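# A closer look at the structure
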Amino acid sequence: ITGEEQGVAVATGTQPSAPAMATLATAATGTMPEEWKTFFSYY
Amino acid sequence: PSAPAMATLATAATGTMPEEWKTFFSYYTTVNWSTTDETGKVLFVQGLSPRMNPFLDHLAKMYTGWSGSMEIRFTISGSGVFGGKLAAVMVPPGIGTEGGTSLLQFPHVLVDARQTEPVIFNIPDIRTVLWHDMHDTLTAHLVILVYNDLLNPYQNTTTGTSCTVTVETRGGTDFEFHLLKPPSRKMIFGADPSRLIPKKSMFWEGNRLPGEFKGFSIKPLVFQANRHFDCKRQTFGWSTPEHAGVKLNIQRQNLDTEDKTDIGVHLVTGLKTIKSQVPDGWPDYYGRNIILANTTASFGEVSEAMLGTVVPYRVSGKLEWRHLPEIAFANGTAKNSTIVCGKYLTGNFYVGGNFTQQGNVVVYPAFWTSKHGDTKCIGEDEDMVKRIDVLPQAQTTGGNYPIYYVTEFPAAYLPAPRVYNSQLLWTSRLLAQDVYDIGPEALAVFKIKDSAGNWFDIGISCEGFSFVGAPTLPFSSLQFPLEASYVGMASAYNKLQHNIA
Amino acid sequence: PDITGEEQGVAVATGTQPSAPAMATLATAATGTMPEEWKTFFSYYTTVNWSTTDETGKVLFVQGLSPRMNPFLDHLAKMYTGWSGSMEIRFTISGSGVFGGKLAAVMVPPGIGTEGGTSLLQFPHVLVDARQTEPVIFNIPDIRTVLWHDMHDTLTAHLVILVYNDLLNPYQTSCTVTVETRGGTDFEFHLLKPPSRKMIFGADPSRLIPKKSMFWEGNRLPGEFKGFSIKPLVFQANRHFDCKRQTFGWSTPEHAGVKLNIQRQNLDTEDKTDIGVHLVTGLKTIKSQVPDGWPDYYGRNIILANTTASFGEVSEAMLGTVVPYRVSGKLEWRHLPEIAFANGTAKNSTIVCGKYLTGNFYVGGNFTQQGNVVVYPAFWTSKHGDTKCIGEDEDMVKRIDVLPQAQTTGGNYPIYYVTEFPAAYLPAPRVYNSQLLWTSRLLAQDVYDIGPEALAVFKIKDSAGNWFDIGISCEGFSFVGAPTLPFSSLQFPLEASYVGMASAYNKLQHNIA
Amino acid sequence: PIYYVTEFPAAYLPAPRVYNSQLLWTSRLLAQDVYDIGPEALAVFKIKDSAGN
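Residues numbered from 1 in each chain as written, not as in the entry; some residues may be left out. Chains lettered and ligands numbered in written order. Part of a larger assembly, values for the part shown. Heavy atoms only, no water.

The helix and strand inventory of chain B stands at four helices and 29 strands. If one aligns the C-alpha atoms of chain B with their principal axes, the spans along those axes are about 85 × 75 × 45 Å. Looking at chain B as a whole, 57% of its 501 residues are labelled buried. In chain B, the proportion of contacts linking residues at least 24 apart, taken out of those at least 6 apart, comes to 78%. Here chain B displays about 20800 Å² of accessible surface, and carbon together with sulfur accounts for 53% of that area. Computing the positive centroid from 41 side-chain charges and the negative centroid from 45, chain B places the two 5 Å apart. (Helix = DSSP H or I, 4+ residues; strand = E, 2+ residues; numbered from the N terminus. Buried < 20%, exposed > 50% of the residue type's maximum accessible area, 1.4 Å probe, protein only. Contact = heavy atoms within 4.5 Å. Areas by Shrake-Rupley, 256 points an atom, 1.4 Å probe, with all protein chains shown as cover. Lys, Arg positive; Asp, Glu negative; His and termini not counted. Charge placed at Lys NZ, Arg CZ, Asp CG, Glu CD.)

Written as structure tokens, this is what we have:
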């Protein structure tokens, strides 16, 4: 069966951490996703 | 007198839907997947060109442009036992297929070696312009890489085991030719390069010397001037392509050796010229510094002669000539029964033969003397090819190698005697009278069939040299009844494919 | 499941799919297209000449309905096996308003005979004046007996352009008429094939005469083609091949020399005054002991004398230039001279040559070694009093067997193709040929359907619009339908089109200024 | 560990060669700036020959 690009594949893990640590990091530094398209830059 | 009725009855009898070449898939190639093909190895590269599907191949000759996508139908026909994974990568237009392993960092679909159904790929039609032109190569590519090697559990036959991948093509739902053109009409910047290689081997003459085709040779380098014509009508040789032989005016012994011991040398006049001073049909390959000493009668003492057969021309009378025997060709004034000069067609042209009468005559290159030690086809040597002012050439063009066509010519010591030919005679007659589509960065590709599934692409460049993918393919394995079949315009920098036992 | 259909397979999307419909619409707008463009407009087909000398009822243009009538349909036809429907004819006369005459197009139904004569005016004709100053548009209905037509059907409808009123010319010239064709609304191809899948059975007569004069080599001696000649009787033994692959000759179509072997013996002629002679053994033979490729024409009674100086012989046998066959050493041969060919018995120094190639074979030449050689027939002459082209004389045409021969046949005169050969004091040297070389290669490799009383008629066309019909008989001989016509006028770069199967003993057609 | 091998002429030594701790460029850099490679870390560069080895 043809396997997709995006990944048709199976997920696996063992004893993982949380995703709230991602929120912790996002708090640490307020990095909105696509910033560079927001502010001019000297030329 | 007529009726629609009659047309209705014919549709009943025969079932034709009025444009049904767009519905089915048609054969394109078969690519061998070996149990010895290393990861990343490129199985299959093919840029979007209408020229694939035979039917669009036909219809294209009648159109100036094209658009839309096309479909590729793979049939992976392995056993249920074989393990293996085949990668499919679409290359954004203009990015090269340089090296397999890398490409894999594109987005890519995986195709398993044990698939029960064929796979249909729609090569996208990414374009910057509203409609393409019949020669445009800056198109999206499809690359089929090997991702995990073809595992066969069985190794009792230890090596050389294989699987078969057959390719079929169709117009996409949206493929549509654009501008109607008469068949046979030359497009601006070139004629249709389809008519370059005859269809059948039977018709294959070499451009160097007349003979029956006997196979192909591969070299790292390639070089020929005479009767070699580029895609764009330029030609650095000196001859019209007709193998008519070279017909000359014979001057008497006025500059023949005066202290001779052997058959004399006679300065001649070309009478027809393409290039100044050069007789039309001067044999291109012969030894430098030839010695005509000891040339009593036999000529077999000469090292690299190009002996020619002789016959009279527009004599209009009693044949006052003597018994015209054979000629040795030469070039370069000498102080004795020798011919010193070489490397260039600057010097005066001379004729080795027992001639006494002044007049005009035809001579054909007819036999090759050689040194007793020859193991080399006529034209192996740069040093012996003859230049006017420039030798064209080709070397490995992005992993693609130049080929010489090989043909028989009678040639003294050499067992199985051969001459190397740059261009097929056909390809030469054309490309003389017409300009051809082969772009500066192009490679017009042909497909050479014999039997047993043997095939190998030959491609023609701008310069008009024949190219091949790999450098050592066993030509020895082929069957004579070769057949050519145009393919398309492949990007010069790609690798040409090859599939032979 | 296991079964796989003509159009099936998993659909897979890779990478960037760029919204096909929008771009397709953009392109469609960029260049409008109808379902079949080649049916909306008229395409140049053929021009035919019209001379003041043309009596009433002279046929100008004969064209049985086919796809070949139009360029685009002609090219498409490669992809199909069958056709149906009508074709629209647009024809024009161009001429000075001073000229006067009328021309009548009639759509001849299949069963009618397409010859001239005033009776052909008497069924629905459309007529054009030399002053009309407008194309006239008339339709060719597709009358059939069979539900659809094959690609070679000879039962098709016919178009004849007659001279109605002669072409008067106040001053004292040839006008020109052009034909433009168009697919009808009803035209429709049928069973679909790949091109490169050659026509039916590989027995197709269309593969006989090459489409361009660039390839028209002759079957008697090598060289580039110079037109045709008419004769009351036409004959040749060698390289002549019948419908049935029967050949009374002694040669394969190869036309690449004679593969012979020389015996050292000088045959003890006069030590002077002649080059002596060697007997010959052929390395190869298609028939009886006959070496492959002796010249079919040369003088009997070859008096070799004084020949030591040069080949000044009368009534020549072919002089031929010589090569060593192949060797493993340096070169065993010496100073190979020009050969002169001969057959029969060496009764004397001179070789007694018969009309028949039954005797031993001999060559005049200063040989002394033994070895294999190849010789090419390369020069000829006769006595100064002669002007006859090579192959004209019955007697000099050499025979093993029955000498095939074509008589003036049912209003048709057999023809020789003429090509040039190197020869001297024979003004404009020519050699006569029963066949083209392509019609010798073929007819060797394949059997054909050429009927016992049927001819395969080909339309050979000048540039200047002239045309005439050449038909290949079961015997392989070419025929045309006049005792004499001005081939002198013929422009050298001809083309041929296959016209179909026509009964032998019906006259052939011709239209030359 | 590895030696970058290069050729400069010598006597009596077939296939003359020299051993090198660092490419010239890998030395030019590491002079001009403080690259952040750690005490127990390796900056890994993948070397692909033509043909894929």
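On to the side chain of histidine 240 of chain C. With respect to the helices, strands and loops of the structure, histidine 240 of chain C is situated in the loop between β14 (233–235) and β15 (258–262). For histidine 240 of chain C, the residues in contact, after removing those within four places along its chain, are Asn219, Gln246, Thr247, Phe248, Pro404, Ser434, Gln435, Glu475, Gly476 and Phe477 of chain C.

Across the boundary between the two partners, chain B contributes seven residues, which contact five residues of chain A. On the chain B side of the interface with chain A, the three residues burying the most area are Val109, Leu110 and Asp112 of chain B, jointly 56% of the side's total. Taken together, the links from chain B to chain A amount to zero salt bridges. Joining chain B to chain A, the criterion identifies two residue pairs in polar contact. Its residues placed into classes, the side of chain B that touches chain A shows four nonpolar, two polar and one charged. (Buried area = accessible area lost by both parts, 1.4 Å probe. Salt bridge = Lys/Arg side-chain N within 4 Å of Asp/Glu carboxyl O. Polar contact = N/O pair within 3.5 Å; in protein donor to acceptor, adjacent residues only side chain to side chain. Nonpolar A, V, L, I, M, F, W, Y, C, P; charged D, E, K, R; others polar.)

As a further point, take the interface of chain C and chain B. Every contact between the two is made by 78 residues of chain C and, on the other side, 82 residues of chain B. Between chain C and chain B, roughly 6900 Å² of surface is buried when both sides are summed, and carbon and sulfur atoms account for 64% of that area. The largest share of the area that chain C buries against chain B comes from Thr14, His75 and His335 of chain C, three residues that together contribute 10% of it. Inspection of the region where chain C meets chain B yields one salt bridge. When the shortest N-O distance is used, the salt bridge between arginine 170 of chain B and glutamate 7 of chain C registers 3.3 Å. Going through the elements one at a time, β1 (10–12), α1 (20–30), α2 (71–76), β12 (188–189), β17 (319–324), β20 (371–379) and α3 (438–441) of chain C are the ones with two or more residues in the side of chain C that touches chain B. With seven residues, the top contributor of residues to the side of chain C that touches chain B is α1 of chain C. Looking at the side of chain C that touches chain B, its residues break down into 45 nonpolar, 21 polar and twelve charged. Here three bridges tie strand β7 (residues 119–123) of chain B to β1 of chain C, and the two strands are oriented parallel to one another. In the sheet register, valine 119 of chain B faces β1 of chain C, and the bridge partner there is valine 10 of chain C. (Pairing = 2+ DSSP bridges.)

What follows deals with the pairing of strand β1 (residues 26–34) of chain B. Residue and element names in this part refer to chain B. Burial runs high along β1: seven of the nine residues are buried. In terms of strand pairing, β1 meets strand β10 (residues 162–171) through eight bridges, oriented antiparallel. By the bridge assignment, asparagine 32 is partnered in β10 with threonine 164.

A few words now on unusual backbone geometry. Most peptide bonds take the trans configuration, and most residues that are not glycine carry a negative phi. With a phi close to 60°, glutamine 15 of chain A is a non-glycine residue in the positive phi region. Inspection of the secondary structure assignment puts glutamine 15 of chain A in the segment before α1 (20–28). For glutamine 15 of chain A, a relative accessible area of 75% puts it in the exposed group. The phi torsion at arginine 233 of chain B lies on the positive side, around 75°, for a residue other than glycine. Residue placement: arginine 233 of chain B occurs in the loop between β12 (221–222) and β13 (246–250).

Below, the discussion takes up the sheet that holds strand β10 (residues 158–168) of chain C. Strand pairs in the sheet, formed through backbone hydrogen bonds, run parallel or antiparallel to each other. Residues and elements named next belong to chain C. If you trace the four strands from one edge of the open sheet to the other, you get β3-β10-β6-β7, paired in antiparallel fashion. What marks the edges here is a single partner per strand, and that holds for β3 (59–64) and β7 (125–129). Adjacent strand axes in the sheet meet at a mean angle of 15°, parallel and antiparallel pairs treated alike. (Axes fitted to C-alpha atoms, helices over the stretch in contact; angles between N-to-C directions.)

This part takes up the pattern of salt bridges. Residue and element names in this part refer to chain B. Tallied over the full model, the rule gives 24 salt bridges over all chains. The closest approach of N and O atoms between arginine 51 and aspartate 57, which form a salt bridge, is 2.3 Å. Judged on exposure class, the residue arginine 51 and its partner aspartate 57 are both buried. Taken together, the shared-partner salt bridges in this structure form one network comprising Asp37, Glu38 and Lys41.

Our focus in this paragraph is the arrangement of the chains. Here the protein chains form four pairs of chains in contact, of which the pair with the most contacts is chains B and C. The least C-alpha distance between chain A and chain D, which are not in contact, is 22 Å. Separating chain C from chain D is a minimum C-alpha gap of 24 Å, and the two share no contact.

With that settled, consider the state of the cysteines. Enumeration over the complete set of coordinates arrives at zero disulfides over all chains. There is no disulfide at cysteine 231 of chain B, and the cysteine sulfur nearest it, in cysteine 462 of chain B, is 3.3 Å away. (Disulfide = S-S within 2.5 Å.)

Spatial strand order, β1(B)-β10(B)-β4(B)-β7(B)-β1(C): five strands in an open sheet with mixed pairing. Where the open sheet ends on each side, the last strands, each with one partner, are β1 of chain B together with β1 of chain C. Across the sheet, the mean angle from the axis of one strand to that of its neighbour is 25°, orientation sign disregarded. As defined by bridge partners, strand β4 (residues 70–76) of chain B adjoins β10 of chain B across seven bridges and the pair is classed as antiparallel.

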